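Just so it is clear, A, B, C, D, E and F label the chains in written order, and each chain counts residues from 1 on its own.
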Amino acid sequence: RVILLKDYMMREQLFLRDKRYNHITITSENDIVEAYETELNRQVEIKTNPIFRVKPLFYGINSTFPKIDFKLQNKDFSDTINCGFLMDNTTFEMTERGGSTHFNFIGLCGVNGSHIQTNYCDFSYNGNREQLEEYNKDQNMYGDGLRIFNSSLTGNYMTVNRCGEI
Amino acid sequence: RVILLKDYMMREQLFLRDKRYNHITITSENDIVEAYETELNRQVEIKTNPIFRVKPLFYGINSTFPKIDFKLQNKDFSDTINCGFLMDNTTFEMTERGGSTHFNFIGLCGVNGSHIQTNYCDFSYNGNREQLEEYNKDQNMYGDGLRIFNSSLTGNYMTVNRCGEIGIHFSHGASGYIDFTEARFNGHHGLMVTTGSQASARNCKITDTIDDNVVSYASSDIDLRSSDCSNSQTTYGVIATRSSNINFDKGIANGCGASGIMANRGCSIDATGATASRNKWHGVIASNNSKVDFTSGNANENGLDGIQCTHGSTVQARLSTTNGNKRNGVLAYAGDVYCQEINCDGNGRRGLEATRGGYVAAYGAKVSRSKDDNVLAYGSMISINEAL
Amino acid sequence: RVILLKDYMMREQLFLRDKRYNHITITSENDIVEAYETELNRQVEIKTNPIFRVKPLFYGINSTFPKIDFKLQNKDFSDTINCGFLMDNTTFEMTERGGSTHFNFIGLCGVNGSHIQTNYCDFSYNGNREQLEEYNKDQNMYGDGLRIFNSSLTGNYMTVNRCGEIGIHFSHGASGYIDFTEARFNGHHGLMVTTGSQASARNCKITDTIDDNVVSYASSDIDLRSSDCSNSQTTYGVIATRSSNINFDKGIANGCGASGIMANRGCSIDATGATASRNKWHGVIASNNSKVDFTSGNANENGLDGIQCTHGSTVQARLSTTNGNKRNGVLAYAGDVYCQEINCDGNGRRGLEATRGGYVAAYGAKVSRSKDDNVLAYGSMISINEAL
Amino acid sequence: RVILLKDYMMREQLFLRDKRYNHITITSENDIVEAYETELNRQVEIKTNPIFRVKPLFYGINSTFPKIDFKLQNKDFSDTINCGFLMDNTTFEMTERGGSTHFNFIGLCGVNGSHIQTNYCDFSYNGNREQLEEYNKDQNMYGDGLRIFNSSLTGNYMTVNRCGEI
Amino acid sequence: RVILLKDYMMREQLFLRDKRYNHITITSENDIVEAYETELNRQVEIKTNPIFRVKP
Amino acid sequence: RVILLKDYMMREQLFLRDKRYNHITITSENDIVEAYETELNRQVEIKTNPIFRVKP
């Protein structure tokens, strides 16, 4: 059990690859874990029919990811491609207590048969909804939430409000 | 870093007096924080040309204020002068995540030179708008969404909806930067810049306010490059008075309960590609020695004169389209009107017209199908060198 | 809290340089503090466009300054460049109880973006006013007060009397909020807003000042909603010039030394209810391509034309009552004048004149009892459609 | 009984706050006491519907003021704001031997429930009357005499000539 | 008083966020301080009518 | 200058009767001073056209 103290402010990216971390659980003394400007910008490029480069805070490829028991809430709006979670060929679970929020590009991305368990969670305000003007159907409308390609997802009672684009 | 838990409901006022707290940030787990009845009615009085007494939930004087990261919503409707934030000679900033809301008197104020940044914020319902009726210009309209007195503001993409009297208020030398914002359904003037102030409201949408949507008052300079100031319920859409300039470069002012664009008392407006259609009164009116530009605008279906002058005013419509108006189209009521190739069609009466010493210069006017004479000089001069 | 005992008489300079003394306050047991000759002469030179050097008793640079709670009165007259307060990039505040006085050069100065909050204070006799004769504009009027460059000032109900050259000086893109202020008997201009600055002086009072009382210069906007600017000596009362703006909504300009309300070289003035009477020269004058509004003003017993337009400028006097003058009631001099139902009576040389290419549009004029020729066109046009 | 000798010419303001001076009286051997320019330019301000400040030569707030047995004649014309007497919550009495005269702004001011008993006194020439032109309705009329706000006054046979405005 | 030696060539970005530093002053022995390519590039976006990203 | 400290919470009635306290001033460090139930409920009655009993 990894407990993030109330003094912890997220400023780095956690990259797990080929790690069978079924047992580990990540919990926070706070309800929300804020995410500030990451020191080192490590981006992962997704080779898919639309090519889009992402900078994820939590990234797991070809491996099970530790259970998440907090809510990521972005606090850096300078980077236009940051993303809360990029799960790639990964079974991913969240503990009903949180979900990514306020990220610029994508709240949570599931690729390559990455089953997601997020349930009762909240993925809101992710994207370009801050800038766009109401009642216009033709404008550059950026961002996205729960971008799921070729992956399963079991999430009920979620709330996803005010997200730019899908 | 201060975190307000979900179970925290605000019931006390936070007063900061000469405390520099740049580093401190106030955050809340909840999206919004509700301000209930305050334990002690501490009040701050502003000693200025208008003297007004305010009860602020947050207050700072001569001191940088901690960055705010939540949204204040008022749930105390018993009080009458309660306010969300009162900044006086402070550096106040918000984290694009919230703003004061539903307060009785004002949502935010600035008294001395105190720069304020409220980008992507929300200041809605702050005032008397709940009670007052629609299509009524004679009632008590109380409270402003924002108030900036001799201060600075940089708030873009704000939404200031259904405030009591004034959605956004700049006055007394305030230099404001409110851009792409949206302000609708305010009881009184939705945006007013008064008394030597200056604003910057490019691409800003302000509609449905009961009185004038945008007012530039007493030497204020305000820019509205492509704004949509229309659908005023009772009075004009865009108005400039008392020697104050506006730049309505491509504005849209339709459906107003009164004249779509007005320029009065020695002021200047620029509406090069404007649109003033379906207004109840004259589509474009300039009165008492005020200059307007209408180089390629339109004025259709207005209930009265499509484009009018009054007492020394000079409107310029080089290629405008003024057709379908209910009464007259172009009129020169003791004023000058210049129209290189104006188009008039299907008017209601009198077509292009001048009177009472007014002058009209229309080198290539194309007037047709009007119901009465298509042209008339009523004790005045008109210059139509080559018309159809 | 620094408390200056009754025994203290200032004889040294206080210089603060990058000190965040935001919390300190300076109070005096005595109401005012006398500043005698300083032991050490420290002079600071301001490297702006007009280069001047100053010996300030208080100097604060790049640093918040402690709040001042006392009044400085200078009892030293040997040094000709001394000053009370010099704030450069400083937020400066006073406690409605004090302000510099009797200083040789200037009372208070702000050079950088140094906000000042001198409110309800006093700044008097700061300069050479005691040693110059009256009714002589050709004097070396040294001194100044409230010299403000590229700053913001928030001071209401101030009183700036008998200053040397300028009672209140705003310049170089500086905001200002000098409201309800009174300035009297200042040598040279009593209030000036120069070079892009903006100000606010609603219900202010400038009277009995040699030269002009209120000056708008080089694209400067100022608001004078109901101010009384009169009794100036040998020069205009309110003057706008070099493309500036003024809102003289209901001002008073009576008994002025020469020509009352004056607009010149591109400016614009709005003076609807304004009174401009008993002046030695023209009551209201718009010269060299300006605009003046006089929708209901009065211009009586002026020694020259009550309303005067010159070289392309246009004035509008819809229902003005200009009667009893010494010379012509209304005059156009290659300029336009518009008067829907103007009233003239017992005028001087001419009831209403239009000469040298001018134009007068008086649809319902009621000029009468003129001493000579009543209404006259002198190589120009007039439109008195239904005169009486 | 304070007795002002003939050699004395007033040059300093007198301020009393919360003093119960019923017994003291001020008298002068000369009929008229001349008030020259004051060394200290102390001012008081009245915060009411019209906001105005003055430079009172005699000031008493929340206090009973000593009886006055002389006539104050101003001899300083540089200051355009000085007032002969400002009383606030003060019971003020004069013994018919004189009153303020020739002041630039005001001869006497009674504010804030004060009481004045000036009787047979002279309040003349205190204003702009020496400069303004006769038969002129529209000119700057400055000065005043006996400006009374929410106070009382009992004075008969007083001579108030050539005042500035009122 | 931070004094930059004449040898120093600026190859990093200095981000002083939210710090009151009136007293500090930065001086260089050389008149011109050359700024080469930053080893780590950090970009800040300004959110106004023109939204332009900058690398200061 | 009677200074009410921040810890003071009014719980008694102050009665003055023929006292000429011109100089004395009552000031509190707090902006406002709360008033709670009084230990002595002393009432004063005004004898005029409408008679009303007031606990001051």
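Operating definition for what follows: a contact is a pair of C-beta atoms (placed from the backbone, for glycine too) under 8 Å apart; a residue touches a chain by one contact, two chains touch by 3 or more.
In summary, the chains found to touch both chain D and chain E are C. The chain pair with more C-beta contacts between its two chains, of C-E and B-E, is B-E. The centroid of the Cα atoms in chain B and the matching centroid in chain D are 51 Å apart. Chain F has its Cα centroid 62 Å from the Cα centroid of chain E. One inter-chain figure worth recording: chain A and chain E are separated by 32 Å, centre to centre, where each centre is the mean of the chain's CA atoms.
Residue positions of chain A with contacts to 2 or more other chains are 77, 130-131. The chain pairs satisfying the stated touch condition come to A-B, A-E, B-C, B-E, B-F, C-D, C-E, D-F.
Interface of chain B with chain F (complex): residues 40-42.
Residues of chain D that touch chain C in their complex: 40-43, 45, 51, 53, 78-81, 133, 136, 138-140, 142.
On the chain B side of its complex with chain A, the touching residues are 1, 3, 5-6, 27, 29, 95-97, 120, 157, 180, 182, 205.
Residues of chain C that touch chain B in their complex: 20, 22-23, 64, 67, 91, 93, 96, 115, 117, 119-120, 152, 154, 156, 175-177, 179-180, 198-200, 202-203, 221-223, 225, 245-247, 249, 268-270, 272, 291-293, 295, 314-316, 318, 336, 338, 340, 359, 361-363, 383, 385. For chain E in complex with chain A, the residues that touch the partner chain are 40, 42-45, 47, 51, 53.
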